[PDB]
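Before any questions on binding or motion, here is one chain by itself as structure tokens, the form deposited in one PDB entry.
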């Protein structure tokens, strides 16, 4: 259905982050990877990312759109897949499952935002 609120994505993303933090599959991804546990991590991964950094960026007012948040969340999952020694590993199984959960929930957030932008463009004021 056609949507109108250009700002609604921000609270929807806060609520989705709350669901992710309460899911046991997020535990490896809540804080930055610890280099004392994984000494070679930065030799493999160029840009670390974690869910607390995403929430802090959102709460600071430093995302312009839900698409920018989605890019940083997807980086969490692609870093786990690049770092895993095996597609059968525990930590990669958790990120793979959490990625399916996130994609199911983010879809409507993106659709509603893009619909609100179209409505805004439809109604641009030019005569004054």
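Positions refer to the first chain, counted from 1.
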| task | Would you tell me which stretch averages the higher CA B-factor in the PDB entry, 48-56 or 87-95? | result | 87-95
| request: Report the stretch with the higher mean CA temperature factor, choosing between 26-34 and 66-74 on the basis of the entry. | output: 26-34
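This protein has a second form, the form deposited with a small molecule bound, left out of what is shown; the following refers to that one.
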| task | Give a yes or no for residue 58: in the deposited complex, does one of its heavy atoms lie within 4.5 Å of a heavy atom belonging to the small molecule? | result | no
| message | Would you classify residue 43 as touching the small molecule in the deposited complex, given a 4.5 Å non-hydrogen atom cut-off? | response | no
| request: Look at the candidate spot formed by 29, 80 and 83 and say whether the small molecule comes within 4.5 Å of a heavy atom in all three of them in the deposited complex. | output: yes
